[PDB]
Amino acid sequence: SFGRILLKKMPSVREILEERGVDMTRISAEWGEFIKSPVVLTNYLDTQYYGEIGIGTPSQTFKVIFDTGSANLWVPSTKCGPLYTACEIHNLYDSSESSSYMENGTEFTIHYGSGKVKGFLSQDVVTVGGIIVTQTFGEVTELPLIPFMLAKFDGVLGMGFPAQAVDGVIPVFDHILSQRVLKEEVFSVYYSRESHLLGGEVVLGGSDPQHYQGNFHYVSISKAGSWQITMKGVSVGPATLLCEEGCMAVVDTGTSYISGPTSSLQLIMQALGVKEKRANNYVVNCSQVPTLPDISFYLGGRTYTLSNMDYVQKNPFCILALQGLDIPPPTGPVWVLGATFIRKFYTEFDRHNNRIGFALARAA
């Protein structure tokens, strides 16, 4: 258990609002917006998994999201003022208790779907999966209410490329690579079946052979500075409907729902046999779930199939784990294979070869 980080299941901000009796129209309209330098593919509304890291000497524990969509580490600060009530329900980084703290002070702004996180940079020791790196990270002093007033995670560990990082900060994984401690310059991400207790695993330096079956097959990165691959077909049932001419697709551990363009996804929802739409999202009567056809994605000359049980979430109060999202050019129309895709297919992110590997996930 050297370079492994146990991911733990948490109620998502949608699931917290659902359990408090909030209407599905209100949740999407007020907590799930996508506002018009690096690209945003998530609002953390549906994120269900966090890992724990330590920051400082002695180490102060934080619950963080492992987000391949971003390249920055940030956590709430004790410098976070009284105007930001969201800070008052989370763990706070206190430089006063760290002997390894070294100030920087340059301001940063990280944009995401529902809003923006502001603060200042600071250097300290960071322990992630038993590996100690000297990291520059964001001390957040302006944490917005949407969605962090109800989030069950403190902050975000970016697992993206250094080109995506704000203020040109060297990311956490890049520092781990500089140390030459890992067997491979890769990390892989496992989510187990959607249960109440069962969690997941991020492995640094390789892949856990317990959590996959058969063999990995790899797809090259098509855009240099991100986990982005060419998709050559989206199919409902036997019929291939979209992406024959070639779609860009991001594999993102940050968001759990698969994203596509609103027009392309509405076409899929028609052919799926699904009428009801709430903003970006699509709800369905739980009686008609077993009759839904399989969705498939064509990646690196192989099909990756999601069955009815893989892309639907039953919560007490059934919602499809797909949603509309239009990123404009030059970045272009993009799909996002979120954690729903990765739960089915154990994913290896490869930094040396600049490629992404997929394999059929399983339990032990």
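Numbering starts at 1 and follows the sequence shown.
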Residues of the deposited sequence left unbuilt between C318 and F317: 4 to 9
Average Cα temperature factor in the PDB entry - higher stretch of 135-143, 234-242: 234-242
Greater mean Cα temperature factor according to the PDB record, 252-260 or 147-155: 252-260
Deposited CA B-factor, highest of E103, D294, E185, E97: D294
Highest-ranked of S178, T109, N91, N281 once sorted by CA temperature factor in the record: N281
Cα B factor band for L325 (lowest, middle or highest third within the chain): highest
Ranked against its chain, the third holding the CA B-factor of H196: highest
Ranked against its chain, the third holding the CA B-factor of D208: middle
Assigned third (lowest, middle, highest) for the C-alpha B factor of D174: lowest
Cα B factor band for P333 (lowest, middle or highest third within the chain): highest
